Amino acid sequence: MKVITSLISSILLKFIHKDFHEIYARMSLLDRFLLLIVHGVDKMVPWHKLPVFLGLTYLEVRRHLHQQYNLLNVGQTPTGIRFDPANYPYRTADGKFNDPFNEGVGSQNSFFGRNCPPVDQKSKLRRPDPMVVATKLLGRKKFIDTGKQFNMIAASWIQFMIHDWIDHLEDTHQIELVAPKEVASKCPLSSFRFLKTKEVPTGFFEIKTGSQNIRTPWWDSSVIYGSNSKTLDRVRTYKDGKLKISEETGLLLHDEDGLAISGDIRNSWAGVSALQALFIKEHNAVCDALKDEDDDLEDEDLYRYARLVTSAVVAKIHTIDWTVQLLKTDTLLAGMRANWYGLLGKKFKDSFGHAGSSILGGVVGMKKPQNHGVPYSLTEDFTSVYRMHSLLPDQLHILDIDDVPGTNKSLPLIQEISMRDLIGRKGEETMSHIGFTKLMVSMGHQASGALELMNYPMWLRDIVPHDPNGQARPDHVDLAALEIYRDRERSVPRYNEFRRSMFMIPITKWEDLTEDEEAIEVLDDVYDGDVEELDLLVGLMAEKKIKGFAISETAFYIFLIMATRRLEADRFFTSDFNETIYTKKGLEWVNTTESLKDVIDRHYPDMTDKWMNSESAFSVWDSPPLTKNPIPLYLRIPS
């Protein structure tokens, strides 16, 4: 029967796109049927046009297929000797001892995994020229924003997450890119130097080398706690479990060089510093709540509990508040909330407990972590799809918070500040003058840039990059050109091959990608008509967006699997998401915090009442009021 059904699965191969016939051979019988269904929907009414309940059904199936076929291990698993996870009921300084079966999984300096098989591009690192790509396709011509959907707090937030998640170890070898004559007059830098990505031998045939992640890939708030014991030590006060902050201003402290003191400040700016400070306040407020409950808790005990609570609050806010604004559709409102609370919902879970399955109860609080047989990591492909620098504006619009708010709590502009004055060391100085409140309100009221072509801040095409400790390097970089180089250097498939690897129908011509006729002509020029040479970053920016999505669908499918993975693979969101590990009050703190607004309201009790008219703190704050849709969420049809 299995052999006969296999023969029928080879018969139905006549309905699958030819480019998937290879991944199809890897697949189980049921999964072959599931691919037939997913692919069928892709060819008919796309998932994002279905009624929410069917959209979610599609995403559940597609996500399952990515979990089975788009998780590739890189390097030997850092198993180590056997350990008891009960001996590590807290987030370790370097992320070790989380995976109960592999001590090194998710730790600092672990290998980046992959979602798509690598494509060696060493012979075409400069084809087409990355500075030509940057100049013609990326550099911002006219600023394009995201309307009211996704403000500068939301742009700060995603960078704040990147600083927790991913950074590539560099080698000592220097590379130099030179601007060709054709574009040199339009390049801020005529040439620039940077460090090669460290390419470490794995010892395997399939994937022979890998990159190492110098941030813990666990979602452990290493952005404020550091990624090892040495960097943790720098942020600890050693009093009452707390972290360093200015009590007077609510801003970060600075060292003798004027560099901010937090977990990871590499290539940072004022918006990130604001979020670091806010979450240090959160951590410290958890310490206060726990020290009161129990006066027998020492500094180390308080720190450990407060870190569990704070990192869980951040993950929750990201999942059910931030992502819901990035992906502003009914289907993703339902889907992201279901990741946390399950299809059955918050009220049910809060009343009756976890239903037992991830679908019904959420991945959060599941009985065991799940890695789908592949050790947890954040991947090369994940890095590429989160390259979202076009979110940044040219200037920050500082508002007059002394003025009486107008209709929808609007405020007038008082000054425009170049983003150059808000980044790195200079940004800390500028922020000291502006202050937390003025910066936060101004960011709330300002739209981000959109992820479209020709919208990459020109100021990023000549920036001073940092060593991992935030110290300035003498060699400036053109970040737009550099990102193109990195994706190639790290063997991430270019746009069309990436799509095929993720069982998405590849494009055959530029018109499949975008309706913008002038952009099509630039694409055709840069790539000499060849859709197979189209860079991943370029394609991700160019791709026509689903209504309400700030990102491409191609990026979204990586988000779909990896966001779920960050929660489900981690003991502290699953087997150890309970009152014993978090304390009763600690777990309550997580379970009653639903949004960034809740956190802002905790530390700045009047800010959102005075100045925020939107429901989410990640939406532009002077948005008009919205009347709720009376149609039940799971039944809504997109228009």
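Numbering starts at 1 and follows the sequence shown.
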Task: Greater mean Cα temperature factor according to the PDB record, 460-468 or 216-224 - done: 460-468
Open item on the list: Highest mean C-alpha temperature factor of the two stretches 357-365 and 165-173, which is it?
Closed with: 357-365
Task: Selection from 381, 518, 330, 533 [criterion: highest C-alpha temperature factor in the record] - done: 518
- [ ] Kindly indicate the residue among 306, 522, 81, 563 with the greatest C-alpha B-factor in the PDB record.
- [x] 81
- [ ] Comparing against every modelled residue in the chain, figure out the third that the C-alpha B-factor of residue 597 lands in (lowest, middle or highest).
- [x] lowest
- [ ] Going by the recorded CA B-factors, say which third of the chain residue 577 sits in, lowest, middle or highest.
- [x] middle
Open item on the list: What third of the chain does residue 70 rank in for C-alpha temperature factor, lowest, middle or highest?
Closed with: lowest
TODO: Can you work out whether the C-alpha temperature factor of residue 623 puts it in the lowest, middle or highest third of the chain?
DONE: middle
TODO: Compare the C-alpha B factor of residue 413 with those of the other modelled residues in its chain, then answer lowest, middle or highest third.
DONE: highest
